[PDB]
Amino acid sequence: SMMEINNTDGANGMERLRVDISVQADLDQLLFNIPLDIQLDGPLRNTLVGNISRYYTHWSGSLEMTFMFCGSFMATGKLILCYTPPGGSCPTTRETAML
Amino acid sequence: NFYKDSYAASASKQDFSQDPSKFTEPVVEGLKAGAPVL
Amino acid sequence: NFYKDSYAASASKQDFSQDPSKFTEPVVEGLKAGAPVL
Amino acid sequence: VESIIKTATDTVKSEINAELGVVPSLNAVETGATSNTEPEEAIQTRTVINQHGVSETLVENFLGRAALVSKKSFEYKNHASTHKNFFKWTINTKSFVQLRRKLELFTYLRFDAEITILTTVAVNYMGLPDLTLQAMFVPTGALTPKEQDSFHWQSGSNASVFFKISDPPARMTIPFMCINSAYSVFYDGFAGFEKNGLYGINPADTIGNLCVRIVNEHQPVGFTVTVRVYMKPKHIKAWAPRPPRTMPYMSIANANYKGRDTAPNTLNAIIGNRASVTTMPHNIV
Amino acid sequence: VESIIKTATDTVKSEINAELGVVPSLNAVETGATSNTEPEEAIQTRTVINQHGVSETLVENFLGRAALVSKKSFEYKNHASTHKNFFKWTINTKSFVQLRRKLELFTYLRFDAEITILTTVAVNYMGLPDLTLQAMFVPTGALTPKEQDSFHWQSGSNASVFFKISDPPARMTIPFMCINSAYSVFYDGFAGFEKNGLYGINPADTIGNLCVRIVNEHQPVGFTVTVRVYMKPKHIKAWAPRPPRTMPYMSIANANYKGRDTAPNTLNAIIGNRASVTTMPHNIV
Amino acid sequence: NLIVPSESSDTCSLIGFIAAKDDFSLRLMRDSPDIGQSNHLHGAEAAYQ
Amino acid sequence: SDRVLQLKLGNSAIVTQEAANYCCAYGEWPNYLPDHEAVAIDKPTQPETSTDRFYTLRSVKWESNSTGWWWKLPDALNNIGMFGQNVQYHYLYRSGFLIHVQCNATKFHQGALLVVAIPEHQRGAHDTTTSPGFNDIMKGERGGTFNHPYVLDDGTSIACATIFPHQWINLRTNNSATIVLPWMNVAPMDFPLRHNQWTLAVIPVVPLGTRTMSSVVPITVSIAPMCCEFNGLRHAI
Amino acid sequence: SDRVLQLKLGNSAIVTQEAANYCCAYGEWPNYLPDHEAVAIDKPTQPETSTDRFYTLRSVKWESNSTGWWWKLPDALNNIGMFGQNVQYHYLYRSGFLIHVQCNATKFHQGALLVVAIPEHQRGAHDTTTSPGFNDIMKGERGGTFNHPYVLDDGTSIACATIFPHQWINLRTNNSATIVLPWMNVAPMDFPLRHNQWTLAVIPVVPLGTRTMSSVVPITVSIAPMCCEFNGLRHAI
Amino acid sequence: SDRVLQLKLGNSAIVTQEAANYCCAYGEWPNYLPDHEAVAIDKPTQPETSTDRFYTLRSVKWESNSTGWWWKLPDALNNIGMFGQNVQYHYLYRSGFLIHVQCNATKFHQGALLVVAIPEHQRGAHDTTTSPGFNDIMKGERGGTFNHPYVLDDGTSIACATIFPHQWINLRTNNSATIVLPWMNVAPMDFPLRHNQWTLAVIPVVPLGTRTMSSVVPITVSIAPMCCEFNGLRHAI
Ligand SMILES: CC(=O)N[C@H]1[C@H]([C@H](O)[C@H](O)CO)O[C@@](OC[C@H]2O[C@@H](O[C@H]3[C@H](O)[C@@H](O)[C@H](O)O[C@@H]3CO)[C@H](O)[C@@H](O)[C@H]2O)(C(=O)O)C[C@@H]1O
């Protein structure tokens, strides 16, 4: 089910369900990040897994995030999605996230 | 259950059968492991 | 136990197995009856 | 594809992949199917014999809980000069939000209903009377008593349960009594042949009426009596899961919505806001 | 070396010893092993068929006792103008010293917990009301009710037990619910990713919250209601025994110590003093 | 980088989805924090009339 | 191979060269009412080809600010062709549905439509305690539009609507969505004029956009009833 | 079929939907050092997943006047992740490499990059008898650029560079190049901080061009060490 | 025969000619995490020799008035060698430990040290209700000292500390103590930077004494992780 990644002031209704990316002028740009606690309020809370998990207290298992690109056919690009196990601050550079 | 009507019985917590695919993969053509979906 | 969850059962006071040596003799080399320990 | 699942699936060790024509991590959301990429194909995994149980999420257990469905306080006294020592309640599972939301995670439900009635008393001090109450089941739309001492309480055919406040809560099971094979948690229609009926209300899904009175005649002083009714569905069968309710409920008669004044759960934003899409909430400092 | 022991070991008769190279009474404490000298080797013994049982010291029995873990008194009355007819208690086994010390004789423990709730009442005389109470289990850190009449008491999923003061103490079993294979009686760490968390507190070992309220509305007069909760661990498994606590406890949040003002159990001297190492206390005159 | 020709929009959207795999397990049921009430819902009292 | 598809029922046929496989709601397929599930005892009429065929409704225009559209079944078809006639002359009806939503654009256009079949989609009204009226629900062939698609006009959410049978029409990928719907009800048959088993919802989660020549981009819905059966014959309503 | 590809090593994975098959240098594949070829007698450490994974370096911008870029191995990775740590704590290292160069554009863009893996690419300096200095050779993660790609900065020629393991990224055809490199040396192992077995060179033989909207067209390099082994453990340098 | 001993792991070896046998905590021996007890599903890295080797910490001086010393594991080693690197780059770790405490003197010296490995040694603070702070617990390679060894700084007692895996170093008898520690936790793996499985405590129950020439008598600790495994790879913390 859809993650509400764009949960920001100024984003209303469905605008909150999509993340817009633009042609960049600089390299290795950070596009967005996502907090991963399916037990807390955030982009993952109002999802099938989030909602049902919140009727419980303990959880275990792998999660899967799928992203669908909705630009035009003539649009191209390569993105890197990184999952960083806990321990420190969220990475802010690709060279760190990439690890 | 000492009652005569079966609906009075205690809960039935033994149905462990599942079929997620009716919700996760309701597509007419089965999708392969790593082959292009399209 | 008439409950459906096994953890609801009464106490289990029948485990008579022991192995004091894990606390009394955790030495790698077994010590003999009256032979010098060193 | 039906099978018996008693534990979470195991993980198999996986090795390096460099196969042309094979792209397990790519999918087509447009088909409507959920991604079928397995962990073993996304990263290198080890073998794990998973023993985690899956029984606490069985529908029978998920819905198998005695939830509060009715709470009613009334005055037990001389009503010479309002619920006069008795009340009538049209059974419904839409008044208390916790139960309502869970039931509404499904489109259709078939279950028997275990009813438990808890009674409490408070003086309006010389002690609390151990009163006898009568709860009579009266079919939806059927004839209900209009007075505490009505002859209608003779309950010749209706089922009645008499219980004391000093006894444990009364309990009984109402079978799955719908005229259909399952209850409609949601009903996209009008249950009447004309066009002025109520939308979304199919009486076929209204279990019935619960008429409760204090059997004792009034005492010289008044008391406040509160009756709480709990319902636990059992022998459950469920169909077509649905999107969970997010907006606060407004009425028991419909799904009307307004949303909270500010996020979370406001019509404009379900999830609370963060400064930006690159701002990590609860970031470890 | 694992074996089944049901009685204390027997003694075998022994004879005179005069063997060169054999010195059973000599040992080397430095190895860390406890002396293995047998009575038969230290003195001349007779044969004794020992029938003394060893079952009362089984861990299951040693810890198998319903110990007081919580005692709470509050006023049941009109709180128009403090625990207003209800209270919330974060379950812990660190508040009452007898249970605490026994549990702390072990490093790790795995057990199911039988909970028994005893309720008592006293008028602040015209009789004692037979009130109905509700004890709702709310996961550690989870949402607890803030008022006696809060809608949160509808307990749609949380487990709630309703009981009367005139009934026997309420009782139920909370399973071993840790996210790990055993509870950590002691935790040498900080359960947070930052450095400002509490030391020695692993929430994984906090069974949960017990929210208790009186269901009845207040009476015209006030009462003092006391709720006592007892816990009996069962189906126990224990690991790594530890040095018993000697210094009086100071806090439920840590092992901080100060010691009594004077021996015994003073930081400076655990055992009470005697005049000298050649002074025999309680010497027979 | 996201690269598009003159006639394609230069700002595109992604829709992110999430789900559990079949190695998932949930324990210790509790009331959901996502729904609550402080008053009677409209029409609730009418069920007694 | 799973991008091209032809659907043929009765005297109607549809082809698409940019499909995304196709959905069979809950993994089922339509079928006639078996004797062991029947209730009405009169011999039913099974028109076959005169009713089990594609009916194309009027198109709608996808605009930059559109909120979404919906059509309820069988209401949307209760006054169309022979299916409509049988529905009007019979007290009881039963059938599955083959749904085909169409929308094509350009390789320079972008946009994504969620095409979902919702069972028992009971609408809610916004900011009022008054329940939706008859005319708010029964729109017929014209269908209706969403007021607050974000919460599916029922206080829930479109984010979790994927729990229902669906597909998407992502312009860069495909130009059509196909969903096969079996009979969905708690009763073996029903009165077609007062209850809608399914609701077809088409919602633009990602708005239509481009920098090329603007053209009207329509969205068209074609629906074919399947395995139709009718009981309780009388005069037309 | 030979246009799509997924590479998975350790906790990293990469997919491309426009590949051109892929190259296995000299038809070989990486492997651990066999006992009959070993020299160092201490038991080696084989970290596997902590080192044999994709490391993505900072991207470079392909400009109309670019001359080309190069990255030396293992130098480019000697200070990255666990591979870098093992390299710093051990006197000896050994490994193969899986190289994936990425560059996408538009169907209106043109350009062709020669992506070649050169063994022992000993650079030459231009118009001087003085040999290249340490800082002219050891660029690390940043890599360097070609001064005279026409002669591969070594007095030979790029025209004959195809004699080395390579692929091309011709924008109208593909958007990535993949080369699998086996251990290439005259010794079974080597000191990673003073000698580079391979040099990855990316050179635009046909310049980037278009008449559509100008956008920054990056070139990205991802490199995954393979079958890493380390000997001669000590403190970190 | 049980007085001499050689321990060899990786590129490190230690011998003692005055041992007192050696202790295997709870009669167990270290081992890798079996599939039937595993939780984290990513393939772990098992560095072997680069981490499973002896690390010698800075020595401490045994003085006539010393109260005792302690080192927590893995904290004491979280920033040492390759073990430290793996710990910093991975969220999860697991390992046993081979502990060797060293202290030699003269046949004219006397003194007795209790060398005990305490599982989950949760320290208590003295004469205050405030719990110990982060810096009171995490001392790293330097280790800490006992304030009130008599009660093991936790309100219990050193007299009964023999219930834990231990040995003694009684100067007239031996000059070293050896303890093999298996993984000790309620979880199969853990986050190394916030939780210490074991605490090595060295306490002089019988003070150092002599009437011969005074010399500095050091106490040295060498610790070798065993069967190290790491999961959850990312950047270094
Ligand atoms: C029924 C309902 O609306 N439930 C939501 C719940 C409630 O709105 C709040 O509990 C009302 O107090 O909020 C949920 O999301 C959490 C919110 O947290 C807010 O900040 C809190 C912070 O998290 C607390 O730790 C702190 O003690 O108080 C802060 C507020 O002063 C955010 O500002 C808000 O946006 C939410 O993120 C919840 O999970 O409880 C979501 C429920 O659906």
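As recorded in the PDB header, X-ray crystallography is the method behind this entry, and the stated resolution is 2.3200 Å.

Q: Can you help me understand the packing of aromatic side chains in this one?
A: Where two aromatic rings form a pair, the distance of their centres and the angle of their planes describe that pair. Scanning the model with the defined rule gives 43 aromatic pairs over all chains in all. Geometrically, the ring pair formed by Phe176 of chain D and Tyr183 of chain D is edge-to-face, given 4.8 Å between the ring centres and 70 degrees between the ring planes. Looking at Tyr183 of chain D, the relative accessible area reads 6%, which means it is buried. Considering the side-chain rings of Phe193 of chain E and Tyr91 of chain I, the 6.4 Å spacing of their centres and the 50 degrees angle between planes classify their relative orientation as tilted. Placement of the pair is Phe193 of chain E in the loop between β8 (183-184) and β9 (209-214) and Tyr91 of chain I in strand β7 (residues 90-102), with the two residues belonging to separate chains. Given the relative accessible area of 29%, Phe193 of chain E is considered partly exposed. Given a relative accessible area of 24%, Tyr91 of chain I falls into the partly exposed group.

Q: Explain the interface of chain A and chain E here, please?
A: It is common to give the size of an interface as the accessible area lost on bringing the parts into contact. Taken residue by residue, the interface counts five residues in chain A and five residues in chain E. Across the chain A to chain E interface the summed buried area is about 390 Å²; carbon plus sulfur atoms make up 71%. A per-residue breakdown of the area chain A buries against chain E is headed by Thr57, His58 and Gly87 of chain A, which together make up 73% of the total. Counting across the interface, chain A meets chain E through zero salt bridges. On inspection of chain A and its partner chain E, the count reaches zero residue pairs in polar contact.

Q: What exactly am I supposed to notice about the interface of chain D and chain G here?
A: The partner chain G presents 52 residues to the 43 residues of chain D that form the contact. Interface of chain D and chain G: buried area, both sides summed, is about 4,100 Å²; carbon and sulfur atoms make up 58% of it. Counting the surface chain D buries against chain G, the share from its top three residues, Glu30, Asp188 and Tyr257 of chain D, is 20%. Counting across the interface, chain D meets chain G through two salt bridges. In this structure, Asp127 of chain G and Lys258 of chain D form a salt bridge, with 3.1 Å as the shortest nitrogen-oxygen distance. Summed over the shared surface of chain D and chain G, the number is 32 residue pairs in polar contact. At the level of secondary structure, the elements contributing two or more residues to the side of chain D that touches chain G comprise β5 (106-123), β9 (183-184) and β11 (223-241) of chain D. Each residue belonging to the side of chain D that touches chain G can be placed in one class, and the counts come to 22 nonpolar, 14 polar and seven charged.

Q: Just checking my understanding: could you explain the sheet that holds strand β12 (residues 198-209) of chain I for this structure?
A: Strand pairing in a sheet takes place through backbone hydrogen bonds and is either antiparallel or parallel in direction. Residues and elements named next belong to chain I. Across the sheet, five strands lie side by side as β9-β6-β12-β8-β10; this open sheet has antiparallel pairing. The open sheet is flanked by β9 (144-145) and β10 (166-170), the only strands paired with a single partner. Here five bridges tie strand β6 (residues 69-73) to β12, and the two strands are oriented antiparallel to one another. Paired with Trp69 across the two strands is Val202, which belongs to β12.

Q: I tried to follow the arrangement of the chains on my own but got confused; where do I start?
A: For the non-touching pair chain C and chain D, the nearest C-alpha separation works out to 11 Å. With no contact formed, the shortest span from any C-alpha in chain B to any C-alpha in chain E equals 16 Å.

Reading the values: rules and limits
- Residues numbered from 1 in each chain as written, not as in the entry; some residues may be left out.
- Chains lettered and ligands numbered in written order.
- Part of a larger assembly, values for the part shown.
- Heavy atoms only, no water.
- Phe/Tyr/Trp six-rings, centres within 6.5 Å; stacked < 30°, edge-to-face > 60°.
- Buried < 20%, exposed > 50% of the residue type's maximum accessible area, 1.4 Å probe, protein only.
- Helix = DSSP H or I, 4+ residues; strand = E, 2+ residues; numbered from the N terminus.
- Contact = heavy atoms within 4.5 Å.
- Buried area = accessible area lost by both parts, 1.4 Å probe.
- Salt bridge = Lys/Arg side-chain N within 4 Å of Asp/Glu carboxyl O.
- Polar contact = N/O pair within 3.5 Å; in protein donor to acceptor, adjacent residues only side chain to side chain.
- Nonpolar A, V, L, I, M, F, W, Y, C, P; charged D, E, K, R; others polar.
- Pairing = 2+ DSSP bridges.

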